[PDB]
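**Student:** If you scroll down you'll find the structure; I have some questions about it.
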Amino acid sequence: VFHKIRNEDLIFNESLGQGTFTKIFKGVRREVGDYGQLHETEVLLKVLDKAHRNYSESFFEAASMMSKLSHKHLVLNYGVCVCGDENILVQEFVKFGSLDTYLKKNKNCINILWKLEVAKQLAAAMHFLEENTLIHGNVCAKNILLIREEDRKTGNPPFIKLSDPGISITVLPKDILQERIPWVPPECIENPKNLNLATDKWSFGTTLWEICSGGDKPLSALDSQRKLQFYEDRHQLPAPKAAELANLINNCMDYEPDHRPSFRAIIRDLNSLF
Ligand SMILES: O=C(Nc1c[nH]nc1-c1nc2cc(CN3CCOCC3)ccc2[nH]1)NC1CC1
């Protein structure tokens with residue numbers, strides 16, 4: 001499992017946000033680096049809520065997966081802080097935060113080139129998970145982290161990474177399973193044991209919607225009840241103004257899991273644009 005990192009070396013700084021039953025902070029780690037050097041490294045500290053500690057098994061196994069593989073688009077895990085009454089994951093601090101809020105805050109300066117480049121990097125990471133027969137389970141723009149911006153003054157591209165899935169939808173309560181419509185695929189609302197590789201093909205389609213909709217949240221005007229009726233009337237998401245990917249979004253968000261294209265195919269289609 002995890003490298004154990006002592007409390008004496010971690011220093012909690014500013015709240016950066018929250019996830020599902022989790023508090024997320026910028027931090028500082030003291031450590032001996034390469035050549036016996038001493039570093040004080042910026043980290044990310046993710047605390048499992050005090051009330052929801054019973055979820056700690058899924059909370060840590062979800063991070064356990066990312067640390068079992070190694071790929072340039074997967075977020076690095078440094079270890080777990082050892083306190084006592086706490087569950088703290090220490091992870092790679094990414095300077096530019098969530099694609100989620102980056103898209104909102106930059107909604108007007110994103111040409112479909114920048115979008116397409118980020119989608120290719122995301123499919124690459126999802127294709128690597130697919131060949132390893134490994135389920136993520138929570139592909140959403142808020143689980144995507146921006147290592148590097150475009151540098152509009154050179155021709156460099158952005159570079160993103162993919163973070164933890166967090167607590168499994170296997171165990172979360174149903175009210176929590178139903179606001180993440182349309183990220184949770186329709187079979188998993190039926191019963192979360194429908195979790196399969198095919199889950200990520202649906203959710204990737206929803207993230208593709210988010211990336212094109214300047215950070216709107218799909219179906220944000222609907223409450224839970226209506227979100228369920230969205231799936232029972234088997235509707236689709238509307239096509240974004242930026243519409244070049246509306247077909248790919250729909251092919252990915254297929255109501256039959258066995259028909260969702262492989263990420264091999266998703267990449268090829270994604271590459272066939274000018
Ligand atoms: O939410 C997460 N955030 C991070 C993981 N590693 N590094 C981060 C992270 N890094 C962050 C950095 C900022 C500061 N910048 C302010 C303006 O420019 C953009 C962000 C804010 C929030 C940030 N979160 N991780 C998992 C998906 C739930």
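Naming works like this for the structure tokens: A, B, ... for the chains as they're shown, residue 1 at the start of each chain, ligands 1 onward in shown order.
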Give me, as a ChimeraX atom specification, the set of residues whose atoms come within 6 Å of any atom of ligand 1, counting only C-alpha atoms and all ligand atoms.
**Tutor:** /A:16,19,44,92-98,142-143,163
**Student:** With N, CA, C and O atoms retained, could you export that selection as a PDB file, in the first residue's frame?
**Tutor:**
```pdb
ATOM      1  N   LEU A  16      -8.659  24.615  -0.780  1.00  0.00           N
ATOM      2  CA  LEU A  16      -8.782  24.758  -2.224  1.00  0.00           C
ATOM      3  C   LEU A  16     -10.138  24.329  -2.760  1.00  0.00           C
ATOM      4  O   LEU A  16     -10.468  24.668  -3.900  1.00  0.00           O
ATOM      5  N   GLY A  19     -14.560  17.745  -2.231  1.00  0.00           N
ATOM      6  CA  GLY A  19     -15.101  16.708  -3.083  1.00  0.00           C
ATOM      7  C   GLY A  19     -16.260  16.052  -2.369  1.00  0.00           C
ATOM      8  O   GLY A  19     -16.935  16.701  -1.565  1.00  0.00           O
ATOM      9  N   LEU A  44      -0.823  18.364  -2.112  1.00  0.00           N
ATOM     10  CA  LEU A  44      -2.264  18.454  -1.977  1.00  0.00           C
ATOM     11  C   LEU A  44      -2.698  17.449  -0.914  1.00  0.00           C
ATOM     12  O   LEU A  44      -2.319  16.266  -0.966  1.00  0.00           O
ATOM     13  N   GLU A  92      -0.082  14.895  -5.596  1.00  0.00           N
ATOM     14  CA  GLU A  92       0.596  15.906  -6.398  1.00  0.00           C
ATOM     15  C   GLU A  92      -0.220  17.191  -6.440  1.00  0.00           C
ATOM     16  O   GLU A  92      -1.387  17.181  -6.842  1.00  0.00           O
ATOM     17  N   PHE A  93       0.388  18.299  -6.023  1.00  0.00           N
ATOM     18  CA  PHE A  93      -0.263  19.596  -6.159  1.00  0.00           C
ATOM     19  C   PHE A  93      -0.107  20.084  -7.592  1.00  0.00           C
ATOM     20  O   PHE A  93       1.016  20.257  -8.078  1.00  0.00           O
ATOM     21  N   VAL A  94      -1.229  20.318  -8.254  1.00  0.00           N
ATOM     22  CA  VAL A  94      -1.252  20.823  -9.619  1.00  0.00           C
ATOM     23  C   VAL A  94      -1.537  22.316  -9.560  1.00  0.00           C
ATOM     24  O   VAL A  94      -2.447  22.755  -8.847  1.00  0.00           O
ATOM     25  N   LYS A  95      -0.757  23.100 -10.307  1.00  0.00           N
ATOM     26  CA  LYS A  95      -0.735  24.538 -10.074  1.00  0.00           C
ATOM     27  C   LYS A  95      -2.027  25.224 -10.504  1.00  0.00           C
ATOM     28  O   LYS A  95      -2.432  26.208  -9.876  1.00  0.00           O
ATOM     29  N   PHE A  96      -2.701  24.726 -11.539  1.00  0.00           N
ATOM     30  CA  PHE A  96      -3.823  25.444 -12.129  1.00  0.00           C
ATOM     31  C   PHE A  96      -5.185  24.858 -11.768  1.00  0.00           C
ATOM     32  O   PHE A  96      -6.201  25.313 -12.303  1.00  0.00           O
ATOM     33  N   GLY A  97      -5.236  23.871 -10.876  1.00  0.00           N
ATOM     34  CA  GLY A  97      -6.515  23.396 -10.376  1.00  0.00           C
ATOM     35  C   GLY A  97      -7.391  22.706 -11.413  1.00  0.00           C
ATOM     36  O   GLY A  97      -6.941  22.263 -12.472  1.00  0.00           O
ATOM     37  N   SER A  98      -8.680  22.639 -11.084  1.00  0.00           N
ATOM     38  CA  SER A  98      -9.634  21.856 -11.857  1.00  0.00           C
ATOM     39  C   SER A  98      -9.921  22.489 -13.218  1.00  0.00           C
ATOM     40  O   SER A  98     -10.116  23.701 -13.340  1.00  0.00           O
ATOM     41  N   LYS A 142     -14.229  18.126 -13.145  1.00  0.00           N
ATOM     42  CA  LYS A 142     -13.647  18.510 -11.866  1.00  0.00           C
ATOM     43  C   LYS A 142     -12.607  17.516 -11.368  1.00  0.00           C
ATOM     44  O   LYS A 142     -11.866  17.839 -10.435  1.00  0.00           O
ATOM     45  N   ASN A 143     -12.525  16.327 -11.964  1.00  0.00           N
ATOM     46  CA  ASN A 143     -11.457  15.385 -11.662  1.00  0.00           C
ATOM     47  C   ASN A 143     -10.301  15.491 -12.647  1.00  0.00           C
ATOM     48  O   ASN A 143      -9.426  14.618 -12.666  1.00  0.00           O
ATOM     49  N   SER A 163      -7.283  12.764 -11.888  1.00  0.00           N
ATOM     50  CA  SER A 163      -7.202  12.512 -10.459  1.00  0.00           C
ATOM     51  C   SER A 163      -8.039  11.300 -10.063  1.00  0.00           C
ATOM     52  O   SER A 163      -8.746  10.709 -10.879  1.00  0.00           O
TER      53      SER A 163
END
```
**Student:** Could you make a table, as CSV, of the residues of region 36-96 of chain A that have an atom within 12 Å of an atom of region 166-179 of chain A, each with its nearest atom pair and distance in Å to one decimal, counting only C-alpha atoms, in chain and number order?
**Tutor:**
```
residue,atom,partner,partner_atom,distance
A:46,CA,A:166,CA,10.3
A:47,CA,A:166,CA,11.4
A:48,CA,A:167,CA,9.7
A:49,CA,A:167,CA,11.7
A:52,CA,A:172,CA,10.5
A:53,CA,A:167,CA,11.2
A:54,CA,A:171,CA,10.5
A:55,CA,A:167,CA,7.0
A:56,CA,A:167,CA,8.2
A:57,CA,A:167,CA,8.4
A:58,CA,A:167,CA,5.1
A:59,CA,A:167,CA,4.7
A:60,CA,A:167,CA,8.0
A:61,CA,A:167,CA,8.3
A:62,CA,A:166,CA,5.5
A:63,CA,A:166,CA,7.1
A:64,CA,A:166,CA,10.3
A:65,CA,A:166,CA,10.5
A:66,CA,A:166,CA,10.8
A:89,CA,A:166,CA,11.2
```
**Student:** How many Å separate CA of residue 24 (chain A) from CA of residue 87 (chain A)?
**Tutor:**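 Atom-to-atom, CA of residue 24 (chain A) to CA of residue 87 (chain A), that is 11.9 Å.
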**Student:** By how many Å are CA of residue 27 (chain A) and CA of residue 85 (chain A) apart?
**Tutor:**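 Here the two named atoms are 19.0 Å from each other.
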**Student:** Can you tell me, as a PDB file with N, CA, C and O atoms, in the first residue's frame, what residues are no more than 7 Å from residue 79 (chain A) when counting only C-alpha atoms, ignoring any on the same chain fewer than 3 positions away?
**Tutor:**
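For reference, out07.pdb as written:
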```pdb
ATOM      1  N   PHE A   2       0.509   2.216   0.856  1.00  0.00           N
ATOM      2  CA  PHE A   2       1.019   3.576   0.768  1.00  0.00           C
ATOM      3  C   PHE A   2       2.287   3.783   1.586  1.00  0.00           C
ATOM      4  O   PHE A   2       2.492   3.162   2.634  1.00  0.00           O
ATOM      5  N   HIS A   3       3.135   4.682   1.089  1.00  0.00           N
ATOM      6  CA  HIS A   3       4.245   5.204   1.873  1.00  0.00           C
ATOM      7  C   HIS A   3       3.701   6.057   3.012  1.00  0.00           C
ATOM      8  O   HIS A   3       2.877   6.949   2.796  1.00  0.00           O
ATOM      9  N   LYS A   4       4.150   5.771   4.231  1.00  0.00           N
ATOM     10  CA  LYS A   4       3.678   6.478   5.413  1.00  0.00           C
ATOM     11  C   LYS A   4       4.519   7.729   5.629  1.00  0.00           C
ATOM     12  O   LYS A   4       5.749   7.651   5.713  1.00  0.00           O
ATOM     13  N   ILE A   5       3.856   8.878   5.712  1.00  0.00           N
ATOM     14  CA  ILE A   5       4.519  10.169   5.846  1.00  0.00           C
ATOM     15  C   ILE A   5       4.051  10.821   7.140  1.00  0.00           C
ATOM     16  O   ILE A   5       2.844  10.933   7.386  1.00  0.00           O
ATOM     17  N   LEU A  89      -4.837  11.863   2.512  1.00  0.00           N
ATOM     18  CA  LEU A  89      -4.063  11.498   1.337  1.00  0.00           C
ATOM     19  C   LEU A  89      -3.199  12.680   0.928  1.00  0.00           C
ATOM     20  O   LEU A  89      -3.677  13.819   0.888  1.00  0.00           O
ATOM     21  N   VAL A  90      -1.932  12.414   0.630  1.00  0.00           N
ATOM     22  CA  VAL A  90      -1.006  13.444   0.178  1.00  0.00           C
ATOM     23  C   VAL A  90      -0.674  13.155  -1.283  1.00  0.00           C
ATOM     24  O   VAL A  90      -0.208  12.058  -1.625  1.00  0.00           O
TER      25      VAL A  90
END
```
